[PDB]
Amino acid sequence: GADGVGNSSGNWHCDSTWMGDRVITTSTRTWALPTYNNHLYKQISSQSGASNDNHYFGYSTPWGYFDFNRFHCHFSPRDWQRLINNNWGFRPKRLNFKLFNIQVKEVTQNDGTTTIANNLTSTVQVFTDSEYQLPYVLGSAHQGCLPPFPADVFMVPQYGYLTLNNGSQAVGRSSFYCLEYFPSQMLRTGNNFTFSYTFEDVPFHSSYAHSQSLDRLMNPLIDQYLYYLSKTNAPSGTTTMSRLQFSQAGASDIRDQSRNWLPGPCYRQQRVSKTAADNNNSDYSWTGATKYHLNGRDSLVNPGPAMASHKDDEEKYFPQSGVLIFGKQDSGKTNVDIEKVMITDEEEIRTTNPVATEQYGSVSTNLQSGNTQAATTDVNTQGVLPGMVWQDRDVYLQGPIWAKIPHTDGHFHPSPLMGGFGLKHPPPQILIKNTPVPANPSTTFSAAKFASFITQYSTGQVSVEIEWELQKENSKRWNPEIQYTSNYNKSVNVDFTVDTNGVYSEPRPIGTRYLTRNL
Amino acid sequence: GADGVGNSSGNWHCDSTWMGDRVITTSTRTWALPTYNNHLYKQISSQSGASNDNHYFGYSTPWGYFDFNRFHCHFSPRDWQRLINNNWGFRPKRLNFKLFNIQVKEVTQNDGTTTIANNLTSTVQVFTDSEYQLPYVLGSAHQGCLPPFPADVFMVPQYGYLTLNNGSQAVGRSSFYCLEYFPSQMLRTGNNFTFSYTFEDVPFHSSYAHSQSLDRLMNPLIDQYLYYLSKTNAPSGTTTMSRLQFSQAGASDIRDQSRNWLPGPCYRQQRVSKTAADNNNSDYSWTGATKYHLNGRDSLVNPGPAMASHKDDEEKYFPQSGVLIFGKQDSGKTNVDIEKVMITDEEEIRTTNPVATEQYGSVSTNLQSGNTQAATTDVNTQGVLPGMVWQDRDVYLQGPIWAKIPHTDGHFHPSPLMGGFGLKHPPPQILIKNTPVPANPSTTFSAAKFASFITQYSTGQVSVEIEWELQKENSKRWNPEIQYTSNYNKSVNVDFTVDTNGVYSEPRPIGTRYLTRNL
Amino acid sequence: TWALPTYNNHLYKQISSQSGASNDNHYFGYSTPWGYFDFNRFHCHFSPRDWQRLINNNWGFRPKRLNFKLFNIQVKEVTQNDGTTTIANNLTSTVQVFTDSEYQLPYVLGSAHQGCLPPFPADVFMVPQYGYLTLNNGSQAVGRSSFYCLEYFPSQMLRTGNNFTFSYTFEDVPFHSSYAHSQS
Amino acid sequence: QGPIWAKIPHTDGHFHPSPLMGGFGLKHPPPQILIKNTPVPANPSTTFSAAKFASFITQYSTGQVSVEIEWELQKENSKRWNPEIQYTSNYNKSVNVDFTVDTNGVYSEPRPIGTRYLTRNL
Amino acid sequence: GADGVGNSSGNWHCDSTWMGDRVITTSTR
């Protein structure tokens, strides 16, 4: 599609369509793109005095990129409620992306007074990295996605990446990418850009909670035909003697029954309380944290493998670094109080996954004998074993959607730990840049590269449409289920609306696990 | 094929052909086969005074076997350089094997003077174990493969195997195999033997190194929208109070960012230095070694799961038993100095795999509270967790190629730990034997089995051709890459050549990971 | 991306060596108001990684054919009122382009001059000015020296919205020897 | 970073016409491409004058240029046994990576790179 | 060509032939 100056190159599409087992969400936003880095590539690195854990080396490019990797970019709160109250699972199917109504504007800063004017002949460059040749920076939970509220205008974030480093320096293996070394399409006002994408096959996300516990799967009315060791000594005349005795497990001793499965793996975290007085009076945010050690550096495990946030009757506690934490509206960046953030809770999976702040279990450490008593120890980290079952972390209305699976020789259960769908060929990155326009050149030749350009930026509309496949529930449960609902009581503001000043805000995080399912 | 005495039954084929995404390597050697065990099967077992860890029971057969399970049996150094400098991966596709120009010769040892003569009517027996019914002894890194230099003549190794043992004795379950109980083809001088084989589907070997680190995958320019616990106490009047505070991770605190993946598993090894003075003055080669315990026996873990050999700026260190160690030319068998061996290095995988001599990470062990401080401990062994990614051990020009996957109920990521391709149906074993020729018998009947034979051996040519599938690199990296190269400076000998005495030698081990790839 | 100024203030000018120059440095010629495009350096076409691929795996190479394109023209007028510069589009102005496909002008490429395309694709470069030398006798000219008016060629005029392309086929040349001899 | 071609001078005789600075000698090299801004006269006088114009509107131009070249390769067919010399990057650490930009955005080429690494018999 | 032990695999050719503007020389050692 291409036409003149006075022709819109696209329309505004924003709604959702529910049809059978599909739902199609399309959203449109308006964006603004500045000139980053003053048209330059720049090598960046960590500060000289930074600790060894915080060293890095990389580059920052003059390009921007579009990002729609959060659920609230596509679902309204009402649409999210429809989804989570009536379906056991869902997954993305295909995607459509469109960029249109481009406007480039030049700025003049004469005498502290700014004048903005159209530049009808300038252009912007766009290309999609459909072969995954650039370092993939999506899927790191960065800011700069499409806003949740359709009436908001957002700035396009700048592209940059990191490569191998040795302290603050680079090594011979580190690679540098010039994004101008890709074929890209140049658009003037009156051109548009589209492409399509098909998701690979992925398992449905489990939008349910189990109505049974992994350790409670037996018939409570019938005993087992297997025996377990129930007593190791028996009373003799005024004393005891070693004597093995066996029993069949029933309901009275349900903890001893033979079982076929084991709970999911574990990697223990430290426990903190939402009540301030319960926590220790010290700075253990890093010393008491759970981390992994890679190439001599320590890195915080956050949020880590999916484990239950707490056991029953203990909502006040949560793992130190084991849950997603969103910020309330207009909360700051650094060292905000607990009233400014929204802490998620993964308690629905405590039917199969162990609690994040307890041990996995206990194993024996010695060989008991006539003169040696049996000894056990706690297991604070347990890799996977044959016979384990577990659930993955839940997804949230304002959480990520997908993540690119790293191209490696091996990987196990490649669902991203922050939640979502792991894809070997995720939706490609979409890079965009204003073409530089040089200022008045000299009338005598000079071989030095240009350094004076016309100050300008661009704006336009972006739309993205995604088809999702649903998995309807088929429960024979008799009593009603738990549903997500709004409270009826009066209040100064309605949730998920704007306030008197025009600020849209999301008052709480919303998971997906409300319906139930048998184990 | 079959013809007379004065007809060659085959030609000499030895070269490589590069065509598109295939490379076909064919090699030919001349072999010599003695008479092993004096035509007998013999039960063998460990010495009576051996330690319990070294007990064994088995048999030695009068058969030999052909082995070409090392890369330098097929690739010249120049061909290996072509492969590793231009491809991201490779794998075997199909195989052709041929045995021809058999000559049997009888030896006479009259009066200390040896006379060798042709025996035109004697024969050799050959068969391929195409149904995997014999114990598979290939894939244990044994000597006796085809020589790397095509002009060398090699002796065929003897076949033998081990079965179940109880100390130095056997058990009822142990099995005994008579190789004469197989259909085999008998060849006189003038017959040849061929067969073909097709490799099953296996993943390409990763001939690249990652240009990104697993803990450095974010955009260093944009903060996350997630929060982490950054401070646990705050200053009060001349004191502190417990108070939780949260921050959004950026580049300044990059170690705290939320991430989607975890490094590969770990099994910690002891660290030793190539500088003699750095190591302890004691004998810790066995006491300080990492081992596994199976049926009451301890067995050294060598080389074990793939972990990085060292962190940056520490080339002098290497895990005690975590790397492949090749010997230099003409180095001895027992207790040679470090200058006689070539120690490999797996540093290219420290972007995803933990260092072999460090802990995997740290986990909390208790529950902090108003009067209890948080405590952590190191994790020295970590089984696989959902969300882990890792690389496999590299392959080398003089290392093994494949290994037979044991026929068991379960196995996880069945790539052999010494490196290479794991096959459920590997290339079959090829057994060969000289047919016994009895000496002058008595003229009166005797039921005792024969014990006097004509001393003889055999020789001939062997050829093997393998097709390999290549995976070409498609990088958009701007700066040049690292390549394997020869040094230009003058020297007394050229590498990978013969010396003044005719001895071919390989001066260093050569891996495959030179090109780079994004994570 | 390129930028083209107005050279010589739209004039042709006779140029010559200084009066006091040594005899070895005398010259006579002209400078034209035209610019010219130049891509006669290898790094205009090969990235360092591409150059490495070439030289590590091939014994020789040579060019075969060529495609050239000029597009997205923008003409801008400058106003220097009161030391303050204002730049604006001039939608109706044009640029002239032509290729000397019959080798009738003095060929100044192939003298290792600056002004080629930059090696890094993100750089913006200025188009160099065209000029040539002819026969001279000291600082003066002779009757044999020739003068070329470039407006005396058919050229294509482009407004913003027009583009210019052409194609070219290299003649047969021997491969460049990308090897070293292993014998003396 | 060296030249590619050079035009062979149109003369009666020449010997081995490969340009001495290196590259390919062509009798019909890629043609020159000339470009110029068309002059736009400024405000003229309202009474006729035969003198040529001397006042123009100050202006310049900008745009994009693209060039595509096809190259024919000659693959090596060596039977050499030992490995060859290849161009490679050094692995050791450094403040900047070669053939990249620095912290200020300046691209630089740290060394000249020839073509003669593979070997051939005489 | 291939045969047994008691078969010559070739003959002795050694002479020259002059015909017009050609000359064919064959030698055996």
# chains A, B, ... in the order shown; residues from 1 in each chain; ligands from 1
>>> residues_around(residues="residue 27 of chain D", least_positions_apart="2", cutoff="9 Å", atoms="only C-alpha atoms", output="PyMOL selection string")
(chain C and resi 171) or (chain D and resi 6-10+25+29)
>>> residues_around(residues="residue 34 of chain D", least_positions_apart="3", cutoff="12 Å", atoms="only C-alpha atoms", output="number ranges by chain")
C: 4, 32-38, 70, 95-101, 105, 107-109, 127-131, 150-151, 153-157, 164; D: 31, 37
>>> write_last_selection(atoms="C-alpha atoms", output="PDB file, in the first residue's frame")
ATOM      1  CA  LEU C   4      25.810  17.087  -1.929  1.00  0.00           C
ATOM      2  CA  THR C  32      33.583  21.757 -12.279  1.00  0.00           C
ATOM      3  CA  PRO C  33      30.435  22.353 -10.219  1.00  0.00           C
ATOM      4  CA  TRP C  34      29.693  18.623 -10.370  1.00  0.00           C
ATOM      5  CA  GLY C  35      30.101  15.870  -7.826  1.00  0.00           C
ATOM      6  CA  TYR C  36      30.713  12.206  -8.449  1.00  0.00           C
ATOM      7  CA  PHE C  37      30.047   8.914  -6.702  1.00  0.00           C
ATOM      8  CA  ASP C  38      32.944   6.577  -5.961  1.00  0.00           C
ATOM      9  CA  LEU C  70      20.055   6.482  -6.470  1.00  0.00           C
ATOM     10  CA  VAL C  95      19.283  17.308  -9.319  1.00  0.00           C
ATOM     11  CA  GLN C  96      20.955  16.148 -12.518  1.00  0.00           C
ATOM     12  CA  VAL C  97      22.590  12.735 -12.845  1.00  0.00           C
ATOM     13  CA  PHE C  98      24.332  10.997 -15.710  1.00  0.00           C
ATOM     14  CA  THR C  99      26.751   8.137 -16.203  1.00  0.00           C
ATOM     15  CA  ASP C 100      29.690   8.590 -18.565  1.00  0.00           C
ATOM     16  CA  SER C 101      29.068   5.272 -20.262  1.00  0.00           C
ATOM     17  CA  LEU C 105      35.405  12.489 -19.866  1.00  0.00           C
ATOM     18  CA  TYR C 107      38.690   9.342 -15.842  1.00  0.00           C
ATOM     19  CA  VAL C 108      39.688  10.458 -12.345  1.00  0.00           C
ATOM     20  CA  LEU C 109      38.715   7.297 -10.503  1.00  0.00           C
ATOM     21  CA  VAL C 127      30.073  13.738  -2.316  1.00  0.00           C
ATOM     22  CA  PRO C 128      33.474  14.837  -3.673  1.00  0.00           C
ATOM     23  CA  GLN C 129      33.900  17.521  -6.301  1.00  0.00           C
ATOM     24  CA  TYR C 130      34.878  16.686  -9.866  1.00  0.00           C
ATOM     25  CA  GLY C 131      37.950  18.160 -11.515  1.00  0.00           C
ATOM     26  CA  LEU C 150      29.688  18.539 -18.345  1.00  0.00           C
ATOM     27  CA  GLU C 151      26.404  20.259 -19.164  1.00  0.00           C
ATOM     28  CA  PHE C 153      25.951  15.638 -21.875  1.00  0.00           C
ATOM     29  CA  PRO C 154      22.413  14.266 -21.735  1.00  0.00           C
ATOM     30  CA  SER C 155      21.546  13.922 -18.070  1.00  0.00           C
ATOM     31  CA  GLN C 156      18.456  12.893 -16.158  1.00  0.00           C
ATOM     32  CA  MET C 157      16.786  15.430 -13.879  1.00  0.00           C
ATOM     33  CA  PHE C 164      18.024   6.605 -11.035  1.00  0.00           C
TER      34      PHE C 164
ATOM     35  CA  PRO D  31      31.677   4.401 -15.666  1.00  0.00           C
ATOM     36  CA  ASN D  37      22.208  20.454  -8.036  1.00  0.00           C
TER      37      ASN D  37
END
>>> interface_residues(of="chain C", to="chain D", cutoff="6 Å", atoms="only C-alpha atoms", output="NGL selection string")
:C and (1-5 or 34-37 or 40-43 or 55-56 or 58-78 or 94-101 or 110 or 178-183)
>>> closest_atom_pairs(of="chain A", to="chain D", cutoff="9 Å", atoms="only C-alpha atoms", output="JSON lines")
{"residue": "A:40", "atom": "CA", "partner": "D:105", "partner_atom": "CA", "distance": 5.6}
{"residue": "A:41", "atom": "CA", "partner": "D:105", "partner_atom": "CA", "distance": 5.3}
{"residue": "A:42", "atom": "CA", "partner": "D:105", "partner_atom": "CA", "distance": 4.8}
{"residue": "A:43", "atom": "CA", "partner": "D:103", "partner_atom": "CA", "distance": 4.5}
{"residue": "A:44", "atom": "CA", "partner": "D:103", "partner_atom": "CA", "distance": 6.4}
{"residue": "A:45", "atom": "CA", "partner": "D:103", "partner_atom": "CA", "distance": 8.8}
{"residue": "A:59", "atom": "CA", "partner": "D:101", "partner_atom": "CA", "distance": 8.8}
{"residue": "A:165", "atom": "CA", "partner": "D:93", "partner_atom": "CA", "distance": 8.3}
{"residue": "A:166", "atom": "CA", "partner": "D:93", "partner_atom": "CA", "distance": 6.7}
{"residue": "A:168", "atom": "CA", "partner": "D:95", "partner_atom": "CA", "distance": 8.0}
{"residue": "A:169", "atom": "CA", "partner": "D:95", "partner_atom": "CA", "distance": 5.1}
{"residue": "A:170", "atom": "CA", "partner": "D:93", "partner_atom": "CA", "distance": 5.6}
{"residue": "A:171", "atom": "CA", "partner": "D:93", "partner_atom": "CA", "distance": 4.3}
{"residue": "A:172", "atom": "CA", "partner": "D:91", "partner_atom": "CA", "distance": 4.1}
{"residue": "A:173", "atom": "CA", "partner": "D:91", "partner_atom": "CA", "distance": 6.4}
{"residue": "A:174", "atom": "CA", "partner": "D:97", "partner_atom": "CA", "distance": 7.6}
{"residue": "A:175", "atom": "CA", "partner": "D:97", "partner_atom": "CA", "distance": 8.2}
{"residue": "A:176", "atom": "CA", "partner": "D:100", "partner_atom": "CA", "distance": 6.7}
{"residue": "A:177", "atom": "CA", "partner": "D:100", "partner_atom": "CA", "distance": 8.9}
{"residue": "A:437", "atom": "CA", "partner": "D:62", "partner_atom": "CA", "distance": 7.4}
{"residue": "A:438", "atom": "CA", "partner": "D:62", "partner_atom": "CA", "distance": 7.5}
{"residue": "A:440", "atom": "CA", "partner": "D:60", "partner_atom": "CA", "distance": 7.2}
{"residue": "A:441", "atom": "CA", "partner": "D:60", "partner_atom": "CA", "distance": 7.7}
>>> interface_residues(of="chain A", to="chain C", cutoff="6 Å", atoms="only C-alpha atoms", output="PyMOL selection string")
chain A and resi 180+443+445+447+449-450
>>> atom_distance(atom1="atom CA of residue 266 of chain A", atom2="atom CA of residue 287 of chain A")
20.1 Å
>>> closest_residue(among="B:58, B:416, B:265, B:428", to="residue 95 of chain B", atoms="only C-alpha atoms")
B:428
>>> atom_distance(atom1="atom CA of residue 155 of chain B", atom2="atom CA of residue 36 of chain B")
11.6 Å
>>> residues_around(residues="residue 303 of chain B", least_positions_apart="3", cutoff="7 Å", atoms="only C-alpha atoms", output="list in words")
residues 321, 322, 323, 324, 417 and 418 of chain B
>>> write_last_selection(atoms="N, CA, C and O atoms", output="PDB file, in the first residue's frame")
ATOM      1  N   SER B 321      39.701 -34.368  37.574  1.00  0.00           N
ATOM      2  CA  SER B 321      39.304 -35.459  36.698  1.00  0.00           C
ATOM      3  C   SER B 321      38.173 -35.054  35.763  1.00  0.00           C
ATOM      4  O   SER B 321      37.332 -35.876  35.412  1.00  0.00           O
ATOM      5  N   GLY B 322      38.146 -33.794  35.341  1.00  0.00           N
ATOM      6  CA  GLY B 322      37.047 -33.281  34.554  1.00  0.00           C
ATOM      7  C   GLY B 322      37.356 -32.910  33.124  1.00  0.00           C
ATOM      8  O   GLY B 322      36.516 -32.276  32.474  1.00  0.00           O
ATOM      9  N   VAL B 323      38.519 -33.274  32.599  1.00  0.00           N
ATOM     10  CA  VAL B 323      38.894 -32.931  31.237  1.00  0.00           C
ATOM     11  C   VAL B 323      39.521 -34.146  30.577  1.00  0.00           C
ATOM     12  O   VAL B 323      40.098 -35.008  31.243  1.00  0.00           O
ATOM     13  N   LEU B 324      39.396 -34.215  29.257  1.00  0.00           N
ATOM     14  CA  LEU B 324      40.122 -35.223  28.505  1.00  0.00           C
ATOM     15  C   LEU B 324      41.597 -34.859  28.455  1.00  0.00           C
ATOM     16  O   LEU B 324      41.959 -33.695  28.280  1.00  0.00           O
ATOM     17  N   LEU B 417      29.377 -38.870  27.751  1.00  0.00           N
ATOM     18  CA  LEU B 417      30.062 -37.867  28.550  1.00  0.00           C
ATOM     19  C   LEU B 417      31.477 -37.595  28.070  1.00  0.00           C
ATOM     20  O   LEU B 417      32.012 -36.523  28.355  1.00  0.00           O
ATOM     21  N   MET B 418      32.098 -38.529  27.358  1.00  0.00           N
ATOM     22  CA  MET B 418      33.397 -38.231  26.778  1.00  0.00           C
ATOM     23  C   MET B 418      33.288 -37.409  25.506  1.00  0.00           C
ATOM     24  O   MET B 418      34.318 -37.049  24.933  1.00  0.00           O
TER      25      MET B 418
END
>>> select_by_dssp(residues="segment 309-453 of chain B", states="helix (DSSP H, G or I)", output="CSV table (one decimal) with C-alpha atoms, in the first residue's frame")
chain,number,residue,atom,x,y,z
B,338,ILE,CA,52.8,-33.1,33.0
B,339,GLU,CA,55.0,-32.1,30.1
B,340,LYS,CA,54.2,-35.4,28.4
B,347,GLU,CA,36.3,-22.8,28.7
B,348,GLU,CA,34.0,-22.0,25.7
B,349,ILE,CA,31.0,-23.3,27.6
>>> select_by_dssp(residues="segment 109-255 of chain A", states="strand (DSSP E or B)", output="MDAnalysis selection string")
chainID A and resid 115:118 124:128 142 153:155 158:163 166 169:170 185:187 189 191 193:198 205:206 208:210 213 216 227:236 239:248
>>> write_last_selection(atoms="C-alpha atoms", output="PDB file, in the first residue's frame")
ATOM      1  CA  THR A 115       9.046  25.360  16.380  1.00  0.00           C
ATOM      2  CA  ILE A 116       7.855  22.020  15.013  1.00  0.00           C
ATOM      3  CA  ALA A 117       7.078  21.485  11.337  1.00  0.00           C
ATOM      4  CA  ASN A 118       6.314  18.625   8.982  1.00  0.00           C
ATOM      5  CA  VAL A 124      11.907   5.981   8.629  1.00  0.00           C
ATOM      6  CA  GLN A 125      13.462   2.542   8.267  1.00  0.00           C
ATOM      7  CA  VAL A 126      11.757  -0.613   9.523  1.00  0.00           C
ATOM      8  CA  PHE A 127      12.728  -4.261   9.420  1.00  0.00           C
ATOM      9  CA  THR A 128      11.827  -7.456  11.222  1.00  0.00           C
ATOM     10  CA  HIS A 142      11.749  -4.534  30.244  1.00  0.00           C
ATOM     11  CA  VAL A 153       0.835   7.549  23.829  1.00  0.00           C
ATOM     12  CA  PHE A 154       4.140   5.801  24.432  1.00  0.00           C
ATOM     13  CA  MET A 155       7.772   6.347  23.510  1.00  0.00           C
ATOM     14  CA  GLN A 158      16.086   2.191  22.450  1.00  0.00           C
ATOM     15  CA  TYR A 159      17.812  -0.981  21.301  1.00  0.00           C
ATOM     16  CA  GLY A 160      21.002  -2.237  22.903  1.00  0.00           C
ATOM     17  CA  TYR A 161      22.671  -5.490  23.792  1.00  0.00           C
ATOM     18  CA  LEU A 162      25.469  -7.066  25.791  1.00  0.00           C
ATOM     19  CA  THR A 163      28.168  -9.478  24.704  1.00  0.00           C
ATOM     20  CA  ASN A 166      36.146  -9.893  31.031  1.00  0.00           C
ATOM     21  CA  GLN A 169      36.786  -5.167  29.013  1.00  0.00           C
ATOM     22  CA  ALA A 170      35.823  -7.280  26.031  1.00  0.00           C
ATOM     23  CA  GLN A 185      12.091  -0.925   4.243  1.00  0.00           C
ATOM     24  CA  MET A 186      12.061   2.868   4.064  1.00  0.00           C
ATOM     25  CA  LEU A 187       8.723   4.604   4.614  1.00  0.00           C
ATOM     26  CA  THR A 189       4.417   9.587   5.097  1.00  0.00           C
ATOM     27  CA  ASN A 191       3.662   4.198   3.243  1.00  0.00           C
ATOM     28  CA  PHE A 193       4.457  -1.798   6.876  1.00  0.00           C
ATOM     29  CA  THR A 194       2.881  -5.161   7.675  1.00  0.00           C
ATOM     30  CA  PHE A 195       3.875  -8.739   8.359  1.00  0.00           C
ATOM     31  CA  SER A 196       2.414 -11.992   9.639  1.00  0.00           C
ATOM     32  CA  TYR A 197       3.645 -14.703  11.965  1.00  0.00           C
ATOM     33  CA  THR A 198       2.546 -18.175  13.043  1.00  0.00           C
ATOM     34  CA  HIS A 205      -1.181 -22.710  29.768  1.00  0.00           C
ATOM     35  CA  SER A 206      -2.901 -24.323  32.740  1.00  0.00           C
ATOM     36  CA  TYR A 208      -6.839 -24.079  36.597  1.00  0.00           C
ATOM     37  CA  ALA A 209      -6.010 -25.067  40.140  1.00  0.00           C
ATOM     38  CA  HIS A 210      -5.947 -28.652  41.313  1.00  0.00           C
ATOM     39  CA  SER A 213      -3.439 -32.802  46.743  1.00  0.00           C
ATOM     40  CA  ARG A 216      -4.194 -37.257  49.051  1.00  0.00           C
ATOM     41  CA  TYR A 227       2.643 -53.135  54.287  1.00  0.00           C
ATOM     42  CA  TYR A 228       4.966 -50.559  55.799  1.00  0.00           C
ATOM     43  CA  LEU A 229       7.325 -50.729  58.760  1.00  0.00           C
ATOM     44  CA  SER A 230       5.278 -49.361  61.651  1.00  0.00           C
ATOM     45  CA  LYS A 231       7.314 -50.227  64.761  1.00  0.00           C
ATOM     46  CA  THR A 232      10.973 -51.073  65.247  1.00  0.00           C
ATOM     47  CA  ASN A 233      10.937 -52.198  68.883  1.00  0.00           C
ATOM     48  CA  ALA A 234       8.554 -53.991  71.212  1.00  0.00           C
ATOM     49  CA  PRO A 235       8.195 -54.080  75.000  1.00  0.00           C
ATOM     50  CA  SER A 236       9.942 -56.891  76.845  1.00  0.00           C
ATOM     51  CA  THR A 239      12.244 -53.057  78.850  1.00  0.00           C
ATOM     52  CA  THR A 240      12.200 -53.125  75.061  1.00  0.00           C
ATOM     53  CA  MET A 241      13.856 -55.187  72.348  1.00  0.00           C
ATOM     54  CA  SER A 242      14.439 -54.526  68.671  1.00  0.00           C
ATOM     55  CA  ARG A 243      11.597 -56.140  66.747  1.00  0.00           C
ATOM     56  CA  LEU A 244      10.268 -55.156  63.337  1.00  0.00           C
ATOM     57  CA  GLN A 245       6.504 -54.862  62.914  1.00  0.00           C
ATOM     58  CA  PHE A 246       4.445 -54.079  59.838  1.00  0.00           C
ATOM     59  CA  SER A 247       0.998 -52.657  59.178  1.00  0.00           C
ATOM     60  CA  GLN A 248      -1.350 -51.928  56.299  1.00  0.00           C
TER      61      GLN A 248
END
>>> residues_around(residues="residue 26 of chain A", least_positions_apart="6", cutoff="9 Å", atoms="only C-alpha atoms", output="list in words")
residues 13, 14, 15, 16, 17, 74, 75, 96, 463, 464, 465, 466 and 467 of chain A
>>> interface_residues(of="chain B", to="chain E", cutoff="7 Å", atoms="only C-alpha atoms", output="VMD selection string")
chain B and resid 4 6 to 7
>>> decode(residues="segment 450-469 of chain A", atoms="C-alpha atoms", output="PDB file, in the first residue's frame")
ATOM      1  CA  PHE A 450      29.085  14.257   8.988  1.00  0.00           C
ATOM      2  CA  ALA A 451      28.318  15.420  12.509  1.00  0.00           C
ATOM      3  CA  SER A 452      25.530  18.002  12.091  1.00  0.00           C
ATOM      4  CA  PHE A 453      22.012  16.799  11.346  1.00  0.00           C
ATOM      5  CA  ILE A 454      18.523  18.232  11.353  1.00  0.00           C
ATOM      6  CA  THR A 455      16.815  17.570  14.668  1.00  0.00           C
ATOM      7  CA  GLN A 456      13.704  15.531  14.025  1.00  0.00           C
ATOM      8  CA  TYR A 457      11.488  12.765  15.340  1.00  0.00           C
ATOM      9  CA  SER A 458       8.602  10.665  14.099  1.00  0.00           C
ATOM     10  CA  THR A 459       5.210   9.439  15.207  1.00  0.00           C
ATOM     11  CA  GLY A 460       2.460   7.174  13.991  1.00  0.00           C
ATOM     12  CA  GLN A 461       0.151   4.299  14.806  1.00  0.00           C
ATOM     13  CA  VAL A 462       0.904   0.641  15.463  1.00  0.00           C
ATOM     14  CA  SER A 463      -1.520  -2.270  15.564  1.00  0.00           C
ATOM     15  CA  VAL A 464      -1.113  -5.910  16.541  1.00  0.00           C
ATOM     16  CA  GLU A 465      -3.677  -8.702  16.247  1.00  0.00           C
ATOM     17  CA  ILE A 466      -3.301 -12.121  17.877  1.00  0.00           C
ATOM     18  CA  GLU A 467      -5.463 -15.219  17.610  1.00  0.00           C
ATOM     19  CA  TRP A 468      -5.652 -17.402  20.715  1.00  0.00           C
ATOM     20  CA  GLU A 469      -6.866 -20.982  20.961  1.00  0.00           C
TER      21      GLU A 469
END
